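Chains V and L, in that order, give the protein sequences. When we follow the working numbering, the leftmost residue of the first sequence carries the number 1, and every step to the right adds one. When we follow the working numbering, the leftmost residue of the second sequence carries the number 1001, and every step to the right adds one. A short write-up of the structure that comes next.
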Amino acid sequence: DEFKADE
Amino acid sequence: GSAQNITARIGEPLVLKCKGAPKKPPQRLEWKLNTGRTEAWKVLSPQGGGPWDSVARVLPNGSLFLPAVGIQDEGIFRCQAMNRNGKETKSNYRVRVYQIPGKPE
């Protein structure tokens, strides 16, 4: 959803 | 690091590093960042040679420095490098500005 990062 | 959360405010300076590259830039590297809603994604390079007031500049050591990250600059920073050993270094850093979206068009 939001690049590698994902919370 | 690995998916590091960094908070910032509209018009506030921010700097990010690319895990993998030493003090000085060894070989060629490719950086990518996703911001905006979907049509704002851009590719970062080791040589921006462009206006900082509009976006940002790239450090000689292979870093990224921004004079003032705007609400539109919000997104995620992703860097990718390759060492002489053959292994590549990945770097993902999420950035969040003051005001956030809710009902874009």
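Note that CB positions come from ideal geometry on N, CA and C, so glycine has one too.
Distances from the alpha-carbon of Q1072/L to those of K1023/L, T1038/L and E1030/L put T1038/L closest. At the C-beta level, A1081/L and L1029/L come within 8 Å of one another.
Using a Cβ-Cβ cut-off of 9 Å, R1078/L is close to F3, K4 and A5 of chain V, given in chain order. Remark: three or more beta-carbon pairs, one from each stretch, lie closer than 8 Å, so the stretch 1092-1103 of chain L and the stretch 1008-1020 of chain L are flagged as touching. Excluding five sequence positions before and after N1005/L, the CB atoms of its chain that fall closer than 7 Å to its own CB belong to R1094, given in chain order. Counting other Cβ atoms within 10 Å of its Cβ, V1043/L stays below 16 and is therefore classed as exposed.
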